[PDB]
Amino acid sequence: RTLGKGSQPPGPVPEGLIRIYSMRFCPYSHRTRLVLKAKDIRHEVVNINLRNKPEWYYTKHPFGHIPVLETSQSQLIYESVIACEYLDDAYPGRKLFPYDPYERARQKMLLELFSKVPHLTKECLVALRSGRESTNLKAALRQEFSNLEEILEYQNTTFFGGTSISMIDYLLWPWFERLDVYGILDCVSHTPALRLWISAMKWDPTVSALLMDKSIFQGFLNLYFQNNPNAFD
């Protein structure tokens, strides 16, 4: 259950566990939850009410952002990209970043190329749910997706890092999962390799294990856009 204003601090993180502060429908914390699951890392999730944060939560992140990792040695790591990197370096089995220093750098370059998508998807959602104009937002999103489509087509690989799923794919995934519920799946209608990638991601055991419940997510968005505080409980 999500903690908010009035909730007591959780205790220290047990030895042999790492803690993630998250929220069930936040795509940034979804990144880091995929990495935790993909690496079979033993963890606990503490969900936070973003509209009505616990006052102690500002001791985990100064502006109360999520995600934050908290270790059994009381160390704090944030936000999502830095957390995912730490996890891959700190935990041994299944390495998600590639071995080649160049390929590692290329995945980080791809991540920069993706930097407008999160805000564009969110603005599209808000535009469609308020009845505001969305022609420009969708054209913009389609252009960002064409930039990704060119990479996949040029490489002739299913995934962004190659034939097998890797760190970059998990870093991009949360926003693609959301296209359906956001009502913007039409924004990949011009990008066939990207549509193949979505399907490949859905078949990934980690992705599949973390897929949101569509109906509950729609219910969250319905109360969120009515400005209801209960949306975050």
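Heads up: residue numbers just count along the shown sequence, starting at 1.
Legend: mean Cα B-factor per stretch from the PDB entry, 58 to 66 versus 166 to 174; the higher mean is in 58 to 66. Taking the PDB entry as given, 132 to 140 carries the higher mean Cα B factor of the two stretches 110 to 118 and 132 to 140. Per the PDB record, 52 has a higher Cα B-factor than any other of 52, 47, 199, 29.
The entry assigns its greatest Cα B factor, within the set 151, 126, 77, 87, to 126. In the PDB entry, a CA B factor belonging to the highest third of its chain's modelled residues is recorded for residue 99. In the PDB entry, residue 192 places in the lowest third of its chain by CA B-factor. Placement of the Cα temperature factor of residue 224 within the chain: highest third of the modelled residues, per the deposited record.
When the modelled residues of the chain are ordered by their C-alpha B factor, residue 156 lands in the middle third. Residue-level temperature factors show residue 209 in the middle third of its chain, judged at the C-alpha atom.
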